[PDB]
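K.L.:
Experimental structure and sequence below, a few questions after.
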Amino acid sequence: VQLXXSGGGXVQXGXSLXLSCXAXXXXXXXXXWXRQXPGXXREXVXXXXXXXXXXXXXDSXXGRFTXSXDXXXXXXXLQXXXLXXXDXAXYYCXXXXXXXXXXXXXXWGXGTXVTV
Amino acid sequence: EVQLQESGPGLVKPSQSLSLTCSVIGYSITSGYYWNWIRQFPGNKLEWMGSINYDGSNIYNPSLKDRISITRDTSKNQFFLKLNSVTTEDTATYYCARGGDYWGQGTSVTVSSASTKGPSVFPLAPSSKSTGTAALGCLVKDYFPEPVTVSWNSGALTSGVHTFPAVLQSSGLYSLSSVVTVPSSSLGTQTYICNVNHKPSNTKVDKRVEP
Amino acid sequence: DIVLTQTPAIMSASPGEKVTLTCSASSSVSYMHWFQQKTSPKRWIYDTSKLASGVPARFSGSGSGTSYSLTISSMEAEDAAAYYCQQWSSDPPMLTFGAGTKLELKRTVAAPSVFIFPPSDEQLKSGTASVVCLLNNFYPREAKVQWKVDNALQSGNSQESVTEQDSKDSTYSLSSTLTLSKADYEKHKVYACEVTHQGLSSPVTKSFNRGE
Ligand SMILES: CC(=O)N[C@H]1[C@@H](O[C@H](C)[C@H](N)C(=O)O)O[C@H](CO[C@]2(C(=O)O)C[C@H](O)[C@@H](NC(C)=O)[C@H]([C@H](O)[C@H](O)CO)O2)[C@H](O)[C@@H]1O
């Protein structure tokens, strides 16, 4: 079990960014996205539950971001649109070890830099 | 088209029975194909165990026929696996599959007489000779069962981190280490703490690795 | 009954090369199937040469009797996985899998950075002494680790662990743990780890004396 996030970079205000994270089986577990400013704490961004259990988003990223998941590729995705300077942070991916979605976030990723 | 999902206990005592259930969605098990149980040992070796057909006939691996049973429940569209008098050699990840073209996610079953135990965490202090790149880590020794998670600096240190797969010692417990390579210029200014988390024992250890 | 022998065990390939995996059977085989696994095993080639869902055209299957093959015309980085040949027999009913061929992505040769770690005082208070030898970021994976205490080669008292091929730099990391009791550990002085790898002109030894 290991996670590796990808897809970040540098981008101007208003443009997009598609993040991805592969797992080293996650079809039964939820994959959440978290971000952290250099001088702040990790805040929740989005969470893709199991296929059919829909998705959930924070208040900061409602309408602008879209979370997805490919069970066949054991990967999660996070499409980001209309990026603001406030969204600039390091983005992490975690697995909710509890199948009941209580959020036992045990496994975490290396992270990816995002700067606007 | 067809979806499959295994479910069952992940820990079994030796000389006792292991039972698993495969839930099928999108296709009736009475329509066709063989419905097999296939496991994979830690050595990544695959072994087909048994099968039940659409008409209910059974086919078993001769190496397991004295202690295997494959039943089904067509009302719930499920088929089950029962392995009797299991040994530690039966520790593997079990899959259910339809005729070999659709597989489940896989359930990890461990057979052991070991009881739940929290791990001892020891610092792997950086040596006296460090140019350059220094190496430090933590030793997570003697625990049961799998798995255990390790972070560094509450997740603030991910680059250069390597947490090795656990090894089953002769005592029946698991042991691993998590190492991280850092600049030698940071050993005097930057603090390094490893965070070990083992859920079955509800233990959380934070050990500072000092030069 | 029927034994499948897959050759080679590990296959290192760069993007753009032709890869051929062989699966030999002890007795004649009507049809050989192939499975990919990175994750549940996915059906990749069935009925010797039919391509399953999601398989690029660069893959190809062939063979008959006692020898079957899987061919990749131009290998890609996404093709790095384990490939198992599978066979089904009727008269003695048995579904046999091969041991699998590991196709890995090839990168440049990197020698391991070796490190030695003496047992901590906290571990010695429990009567056990663990000496850890760390081999970091090396490729290819083939290596050798020897434990020599007081210039005496050790055997049967070390356990090795290797990580999977890294997702970023495609390297390996290895740890070798030597386990002793504090009584046996305190009866010697020189503890050394001798590392052998194809990127090293000579073996690299990391030693330490007990009380230093
Ligand atoms: C559409 C398709 O891909 N069909 C393949 C499938 O055949 C099914 C049963 C077909 N729809 C049908 O005839 O109804 O699988 C066959 C392979 O058949 C056998 C084989 O002889 O190798 C049948 C045998 O009974 C199976 N045994 C068990 C225990 O399941 C095996 C086995 O499933 C495979 O070897 C994989 O483990 O398959 C063929 O590939 C069709 O193309």
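P.N.:
Arrived safely, thanks for sending. Numbering: from 1, shown residues only, chains lettered A, B, ... in the order given.

K.L.:
Could you tell me how many residues sit around residue C:120?
P.N.:
When neighbours are counted by other C-beta atoms under 10 Å in any protein chain shown, residue C:120 registers 18. (C-beta placed from N, C-alpha, C; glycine too.)

K.L.:
beta partners of residue C:174?
P.N.:
Residue C:174 has these beta-bridge partners by DSSP bridges: residue C:135, residue C:162.

K.L.:
Contacts only, for residue B:5.
P.N.:
By C-beta atoms under 8 Å, 6 or more residues apart in numbering or on different chains, the contact set of residue B:5 is A:28, B:22, B:23, B:25, B:104, B:105.

K.L.:
Helix or strand: which one has it?
P.N.:
strand B:3-7 (DSSP states H and E).

K.L.:
Pull the contacting residues for residue C:162.
P.N.:
Each residue near residue C:162 by C-beta under 8 Å, 6+ apart is listed here: B:164, B:165, C:141, C:172, C:173, C:174, C:175.

K.L.:
Phi, psi for the nearest residue to residue B:67 once chain neighbours are set aside please.
P.N.:
Leaving aside its chain neighbours, residue B:67 sits nearest to residue B:84 (3.9 Å; criterion: C-beta to C-beta, 6 or more residues apart in numbering or on different chains). When quoted as degrees, to the nearest 10, the phi and psi of residue B:84 stand at phi -100, psi 150.

K.L.:
just checking, residue B:84 touches residue B:90?
P.N.:
No. Using C-beta atoms under 8 Å, residue B:84 makes no contact with residue B:90, being 10.5 Å away.

K.L.:
With neighbour numbers in mind, choose between these two.
P.N.:
Using other C-beta under 10 Å, the more surrounded residue of residue B:84 and residue B:90 is residue B:90, with 19 against 14.

K.L.:
List the backbone torsions phi and psi for the more buried one.
P.N.:
Dihedral angles (degrees, to the nearest 10) for residue B:90: phi -90, psi 0.

K.L.:
Would you mind measuring from it to residue B:16?
P.N.:
Using C-beta to C-beta, to the nearest Å, residue B:90 is found at 11 Å from residue B:16.

K.L.:
Which residues are in contact with the residue nearest to the spatial centre of chain B?
P.N.:
Centroid-nearest residue in chain B: residue B:108, 5.0 Å away (criterion: C-alpha atoms, centre = their mean). Listed by C-beta under 8 Å, 6+ apart, the contact set of residue B:108 reads B:10, B:93, B:146.

K.L.:
Mind listing the residues bridging to the second one?
P.N.:
Using DSSP bridges, the beta-bridge partners of residue B:93 come out as residue B:40, residue B:108.

K.L.:
can you tell me which residues contact it?
P.N.:
For residue B:93, the contacting residues are B:39, B:40, B:106, B:107, B:108, B:109, by C-beta under 8 Å, 6+ apart.

K.L.:
list the contacts for residue B:67?
P.N.:
For residue B:67, the contact set (C-beta under 8 Å, 6+ apart) comprises B:83, B:84, B:85, B:86.

K.L.:
Around residue C:54, count how many other residues there are.
P.N.:
10.

K.L.:
closest to chain A among the contacts of residue B:93?
P.N.:
Checking the contacts of residue B:93 against chain A by C-beta to the nearest C-beta gives residue B:106 as the nearest, at 5.9 Å.

K.L.:
Would you mind listing what in chain B touches the ligand?
P.N.:
Neighbours of the ligand within chain B, by C-beta under 6 Å from any ligand atom: B:32, B:33, B:34, B:36, B:51, B:99, B:100, B:101.

K.L.:
And those residues, which of them are buried?
P.N.:
B:33, B:34, B:36, B:51, B:99, B:100 (16 or more other C-beta atoms under 10 Å in any protein chain shown).

K.L.:
Which ones among these map onto helices?
P.N.:
Using DSSP state H, the subset of those located in helices is empty.

K.L.:
Can you list which of those are found in strands?
P.N.:
Assigned to strands by DSSP state E, the following of these qualify: B:36, B:51.

K.L.:
can you redo the buried ones among the residues of chain B next to the ligand as a markdown table with distance to residue A:91?
P.N.:
Below are these laid out as a markdown table (distance: C-beta to C-beta, whole Å):
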| residue | distance to residue A:91 |
| --- | --- |
| B:33 | 43 |
| B:34 | 45 |
| B:36 | 41 |
| B:51 | 45 |
| B:99 | 41 |
| B:100 | 39 |
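
K.L.:
ok, which of the buried ones among the residues of chain B next to the ligand also contact chain C?
P.N.:
B:36, B:51, B:100 (C-beta under 8 Å from any C-beta of the partner chain).

K.L.:
how near is the second one to residue C:41?
P.N.:
Relative to residue C:41, residue B:51 is positioned 16 Å away (criterion: C-beta to C-beta).

K.L.:
cool, the first one as well?
P.N.:
Distance of residue B:36 to residue C:41, computed by C-beta to C-beta: 12 Å.

K.L.:
same question, the last one
P.N.:
Counting by C-beta to C-beta, the gap between residue B:100 and residue C:41 amounts to 9 Å.

K.L.:
Provide the secondary structure category for the residue of chain B most remote from its centre.
P.N.:
In chain B, counting by C-alpha atoms, centre = their mean, residue B:131 sits farthest out from the average C-alpha position, at 38.7 Å. At residue B:131 the chain is in coil, as set by DSSP: H, G, I helix; E, B strand; the rest coil.

K.L.:
what's the closest non-adjacent residue to it?
P.N.:
Nearest in space to residue B:131, with sequence neighbours left out and distances taken as C-beta to C-beta, 6+ apart, is residue B:184 at 5.9 Å.

K.L.:
for that neighbour, phi and psi?
P.N.:
Main-chain torsions, residue B:184, degrees, to the nearest 10: phi -70, psi -20.

K.L.:
Check residue C:182 too.
P.N.:
Torsion angles, degrees, to the nearest 10, at residue C:182: phi -60, psi -30.

K.L.:
Return the set of residues that bridge with the closest residue to residue C:29 other than its chain neighbours.
P.N.:
Among residues not flanking residue C:29 along the chain, residue C:87 sits closest, at 5.1 Å (C-beta to C-beta, 6+ apart). For residue C:87, the beta-bridge partners under DSSP bridges are residue C:32, residue C:96.

K.L.:
same deal with residue C:103?
P.N.:
Beta-bridge pairing for residue C:103 (DSSP bridges): residue C:11, residue C:81.

K.L.:
who touches it in this structure?
P.N.:
So, once contact is read as C-beta under 8 Å, 6+ apart, residue C:103 ends up touching C:11, C:13, C:19, C:21, C:75, C:79, C:80, C:81, C:82, C:83.

K.L.:
Please report which of the residues you listed has the highest neighbour count.
P.N.:
Greatest neighbour count in the contacts of residue C:103, by other C-beta under 10 Å, goes to residue C:83: 25 neighbours.

K.L.:
Can you tell me the element it falls in?
P.N.:
Going by DSSP H and E, residue C:83 is in strand C:81-89.

K.L.:
center of chain C, which residue is that?
P.N.:
Closest to where the C-alpha atoms of chain C average out (C-alpha atoms, centre = their mean) is residue C:141, at 6.9 Å.
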